[PDB]
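> Okay, structure incoming, though there's no sequence with it:
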Ligand SMILES: [Zn+2]
Ligand SMILES: [Zn+2]
Ligand SMILES: [Zn+2]
């Protein structure tokens, strides 16, 4: 009980130390080809597990095409945790990232 | 892989270490003592390689977890070696430390100050500080003990300060910094240390000479010759070839690893030893042998003939020799010849486990050892880890087609009725999957199977249109069980015209030879149809070429 | 039965358990039963109502 | 005999590539 | 013998404290034998073995003792033992599950499975379940899953099915709480029968099966929910739970009739049973959130129900329907222009669906909507015409048989006209699922023997 | 395309051991519809169409006291062109279990065949 | 080193907080409040309402059932708090999703009210049944308790009824009252329902 | 998908305390009790667990095997998705006396 | 030389950080290249 509180404090301290604040973030404002691929795949996976969809799927049966529609209207509720070689990260939302 | 089955725990790192005899004795499911594998009638003999405590075998339930051959993961056992044996993989290392140590003061024959200099340099290298390890050589004051102990103090002071200074900043963590250049500097030192260790003839601590140890191809150590000039100093030591048993070597290294624990702490640890474990000599020795579960030692069945286990042949031979030598040494108590065959048995047991593990480093076709199993041809890592045979894949001769899209692949209906996708049933696709379920596994676009939310599978293969129609009207039914309310049914539906496939034409010399194509099921086809635009990237000519389709 | 979606990965006591008075237990029970009443959980509330009933009355 | 909650009924049928119970399930 | 055996066991136990375990095992093996084998331990010796074991159960609570115990729990047809001996078996089990409440799990499972046996052969099983549910309330968990595990399949023998429900009813009568898992089992099983009967529409089998089951369920409900039981009882609670479960399974129930009647029938036992359940349907009908298909299914249920029931107030029904129709005036107002706007008349499936149900209800209960004066309740004369001439043009988009029957009747009653509107309609002359959904009426007449007779008091046949 | 198979009953027996095996069908035990492919002698009717799983021959071994069959297995279906019964030699006496069966596999030019 | 290794094992099985006998009642308080940290899965159906997820999925099947970690029976939970995967003001938090599946996993903080009865603790229960070899009881009329024949005093004598069931008589020579006070001899968790093995002699 | 998911993907039990896939086993329960994944390495033999005052085992810590032996502890086991060859490799490495320790998060 | 590199690893008491494509494949971990060079987190509205 006492040894866990210390372990949790260290875990959350290290997390905060690695997190790059919204202002200090310096990566590409563009969503990488890889980010787009995973977002569409993961959101499709969520859609197939009866997750609340934020778009009107006009006769759409493919979850990926639904995930594609949600991306077009920037309604995908996901965040990209961009890691750097030291372990530090930049949290970028799907909404704010520029898509070609 | 099931999306309905997520995993909450993950392996973040793997730690390499040696199993201790005490550790194996506790985890062991049964002690293996019998060289026979089967009793009469056909039941596994108690204390043998096929014991049911090592897992379920011969339609019998496991005597440890109680599960059958399917669900039982198998259990590890152990063989109690009557005498300690040299571990083949670490023999070369224990040999280096045996030749490097003094047989009198039981310290390495290299001067303590020089040994401490290596321990200091290797401690600073546990953390990413190479510059500091070289700066230690600059710390300088036949030499008196009061002066040399001050040098060891000043060096230890610099090591403790340089670590703390770098630890204060983001230069090194408590777990220590480790890079390839750091690794290069460590590898250089550990090499130089062993080279300096082996070079010394007369012990620098106590001036007495130790008898040189010689070795053969097999794991066996022996004594050396000795000229008259060497004799004249081994007799003044007190004034101021013969085989050596495994126990004698272990006992020599036991004291040396205790007396020289400080340097060996950093010689054997790449990063700081946070576990604070003692570096013991018994890690290089085997007092027990772990018996892998029956699951990984099953007898190979080829048609009608059931081959004796490849592993059980040499392993039973080791047990026969072990039981024969422990009894041939027991009748000696009520006592030359008995010592001759005792020593000869001590050799054939070390060579038995050596044969149990490796060949080219045995004999001179013998049974392959565990080293041989990991390096059979290309090796277990290359043949079964870096590369693997896969499910949901097909192979066929490619035929040209200009009527399909340049991003498409013409899939024969033969493949379309076998290759299925696990499609979870939802409100948006209940209509599409109900039809597939009715259609079944032989009518495209159909479905071969249906997975319920409880985790069970219902095959649609044997069923008629009547049962399929009933199951289709039961696809979107709400889960009564609260433990699976999160889940929804899955339909293992035929590959449709909206699916992705990985087309591969070997050799895959560049990533363009493995692209993603859009499935286009073409009726009355027996070959994979491919457009002419793809010919270049795959370097595929329609001269009877073959292509792999991955789903 | 005993899956990642059913049972948690790990449970850890963040602090030592602090004892609660008869009135605090009864105040908690009343608060919990009212919030949950507002599928197999119903049988657990049925048992919880018996504890609340025992901490102030007789069965 | 399989032994599953389900009941086999005997007469197990071998399908090349798939060994199924005549009844409920297939290994 | 008598005292020789007392020695034999007393020895066996000493021998067990020494771990020899042979003597016991000899005994266990002797008790484990089948009800048929003459060589199975006889009553008198068993009387002895039992009374000795009960007297110090702690002597046996060991790994060595496991096999013996397992052999007594697995004693074939123990309920078929003798009085005095039966009593010793019971006392033993009682004693056993007390210290190591670990065997109650095994004992009760076998008990529940015996629910397929007549109304008599289970008394002992229920007596025991009642006892230990009380003293070990935590058991309700795994023993509930047993309720699942041991249900007989639809294919399995009728005697198995009919028994396993007879017992569940018996269980219900001493463990009121467990209730839900039971009701879930009955519901899950009845849907199986209804669904299958539809699809199929051996069969002679399912008939008398499903018949034996429903007639049972409904008679228990005729009893169990009762006015006395509704004010101070668990009849009211049962009714609520049942209603929710029923709607939910039926609510989403797909194209099939054979169970939804259970509610048709219990409903009409008492005025309030009709009331509250009906209000639940009203709550279903006009929630904004529900599937375009859920609202339409409910509306079919709603219309079929009002038409067919028998224990109705003329007036509790009609006024709500009139309010819904005024609900109708709003729908058209907040939507025709939604009509002359972009889209099709399908945008309004749900409107027609409800208007159908109401029209249908008027067909069967017409003669009722004329009050003493000869005037129409809800101004049906003036009301129907307004919808018929609206821009939605209901007559074109609703059913092909109700709209016709409404025409016939409405015209006859001077309530509304239509044969010219029909002429105009067929002159001017995912879409299928809708036509499918609009063809199904969950309370069109039933097809079963006893139930039918029982429903008569609650049913209006077309005749 | 013609393919020949040798069904030898000397597969386990050696050095003139007593035999439990014999071409034909054993009495009392007979699994359903096998007579459609094989004749009374246990050998197949020359001309019969066979698919993988179909019985290509029938025998009875006394060691198992059951009537077993040697199955035909190939992706390509065939017809029986020739069945030859062969004497076992070994000082004669013994009945002819042994047997050479020729399959006729029809091969029309398919998409993929080289010309 | 001889006793240093064994010392870690004693602290693993050491009773963290003992149950005290108070208010001259003679009975020991076993209901306790313990704040815990969970690592739970979040279904994609609960992606818009995550707190309802953690509750219906993992916390609801936890109540009125013994949990090995807290060392008692979870009577309920209070104040659920999802730990944001992003260290930061708003109600919108984020949870890490598995690369393979659409399910996410998160750390949670919730206070549990548990019934923690250790051995040696004096408890009261209402006599449910009373056989010749055991006495059935109910702690707070919800938790099962049993006192075996050997755990009952020697002076006590059982009397079986012939009419229709039995009754136990105490040392004084009178039948035992509805409620009975006993000491905790052992607590059985492994089974379906929590059963307390009680003693009437010390 | 190719080298794991559609090849030898196995959800395997691992002990968080010692980091191994080969020491974990399903415990054999009593008539009413449920089976729990337990580690043979970290668990102590019941009899060997000997004893400030006397301490008592919380019952949930005692598990039994098929041989009837009682054990104390070794309940800090979880599930991880791994390739099956890893299990065969770890097994082979163990024969050679080499131990693989899998550091598994969360702890 | 699988057993040779393994021996050198054990003697170093080395920790395989599982950061190389090969190591990740060995332990069934997702490769850190391309789509594995980041993490995907879901935005949840309730506190
Ligand atoms: Zn096992
Ligand atoms: Zn020396
Ligand atoms: Zn462990």
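Yep, that arrived. Numbering: from 1, shown residues only, chains lettered A, B, ... in the order given. Ligands and ions are numbered 1, 2, ... in the order given.
> Quick check: closest non-adjacent residue to residue B:285.
Excluding the flanking residues, the one nearest residue B:285 by CB to CB, 6 or more residues apart in numbering or on different chains is residue B:84, at 4.5 Å. C-beta coordinates here come from the backbone N, C-alpha and C atoms, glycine included.
> Same check on residue F:43?
residue F:83 (5.4 Å).
> which SS state does that neighbour fall under?
strand (DSSP: H, G, I helix; E, B strand; the rest coil).
> Could you give the bridge partners of the residue at minimal distance from the centre of chain F?
For chain F, the residue nearest the mean C-alpha position is residue F:57 (3.0 Å; CA atoms, centre = their mean). In this entry, residue F:57 is beta-bridged to residue F:70, by DSSP bridges.
> Can you name the residues that contact the residue most central in space within chain A?
The residue lying closest to the centre of chain A (CA atoms, centre = their mean) is residue A:79, at 2.1 Å. Residues in contact with residue A:79, defined by CB atoms under 8 Å, 6 or more residues apart in numbering or on different chains, are A:91, A:92, A:93, A:94, G:86, G:94, I:40, I:41, I:42, I:43.
> most surrounded residue in those?
residue I:42 (26 neighbours; other CB atoms under 10 Å in any protein chain shown).
> Ramachandran angles for it?
Per-residue torsions, residue I:42: phi -100, psi 130 (degrees, to the nearest 10).
> Just give me the neighbour total for the closest residue to residue E:433 other than its chain neighbours.
In space, and not counting its chain neighbours, residue E:433 is closest to residue B:431: 7.6 Å by CB to CB, 6+ apart. Residue B:431: 12 surrounding residues under other CB under 10 Å.
> And the next helix or strand past the helix or strand harbouring residue B:431?
Here residue B:431 sits within helix B:430-439, counting by DSSP states H and E. Next helix or strand after helix B:430-439 toward the C-terminus (DSSP H and E): strand B:447-451.
> Against which helices or strands is that next one packed?
When contacts are defined as 3 or more CB pairs under 8 Å, 6 or more residues apart in numbering or on different chains; DSSP states H and E, strand B:447-451 packs onto strand B:420-424, helix B:430-439, strand B:457-459, strand B:490-494.
> Check the offset of that strand from the chain's centre.
Its chain's average C-alpha position is 37 Å from that of strand B:447-451, according to CA atoms, centre = their mean, to the nearest Å.
> residues contacting the residue most central in space within chain D?
Chain D has residue D:21 as the residue nearest its centroid, 1.4 Å off, counting by CA atoms, centre = their mean. For residue D:21, the contact set (CB under 8 Å, 6+ apart) comprises D:2, D:6, D:8, D:9, D:12, D:13.
> And the contacts of the longest helix along chain C?
Longest among the helix segments of chain C by residue count, using DSSP state H, is helix C:22-37. With contact meaning CB under 8 Å, 6+ apart, helix C:22-37 is reached by C:20, C:45, C:48-49, C:51-52, C:55-56, G:31, G:33, G:75-78, G:113.
> filter the residues you listed by proximity to chain H?
Among the contacts of helix C:22-37, not one lies near chain H by CB under 8 Å from any CB of the partner chain.
> Contacts only, for the residue in chain C positioned nearest to chain B.
Residue nearest to chain B within chain C (CB to the nearest CB): residue C:9, separated by 3.6 Å. With contact taken as CB under 8 Å, 6+ apart, residue C:9 is in contact with B:8, B:9, G:39, G:40, G:41, G:105, H:78, H:106.
> Just give me the neighbour total for whichever residue of chain A sits closest to chain F.
Going by CB to the nearest CB, chain F is nearest to residue A:62 of chain A, at 31.5 Å. Neighbour count for residue A:62, taken as other CB under 10 Å: 19.
> can you give me phi and psi for it?
Dihedral angles (degrees, to the nearest 10) for residue A:62: phi -90, psi 120.
> which residue ranges form the strands in chain G?
G:31-42, G:65-67, G:72-82, G:93-97, G:104-115, G:122-130, G:134-139, G:143-148, G:157-160, G:166-169, G:179-188, G:195-199 (DSSP state E).
> for those strands, which one sits closest to residue B:53?
strand G:179-188 (28.1 Å; CB to CB).
> so who does the residue of chain F found nearest chain A touch?
Across chain F, the shortest distance to chain A (CB to the nearest CB) belongs to residue F:111, at 31.5 Å. For residue F:111, the contacting residues are B:399, B:525, B:526, B:527, by CB under 8 Å, 6+ apart.
> Now the buried members of those residues.
For the contacts of residue F:111, a burial check counting by 16 or more other CB atoms under 10 Å in any protein chain shown picks out B:399, B:525, B:527.
> TSV please, covering these and showing secondary structure and distance to chain F.
Shown next, in TSV, are the buried ones among the contacts of residue F:111 (DSSP: H, G, I helix; E, B strand; the rest coil; distance: CB to the nearest CB, whole Å):
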residue	secondary structure	distance to chain F
B:399	strand	6
B:525	coil	8
B:527	coil	5
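> Out of those residues, which are close to chain C?
Counting by CB under 8 Å from any CB, nothing from these sits close to chain C.
> Can you tell me which of these is nearest residue G:64?
Closest to residue G:64 out of the buried ones among the contacts of residue F:111 is residue B:525 (61.2 Å), distances taken as CB to CB.
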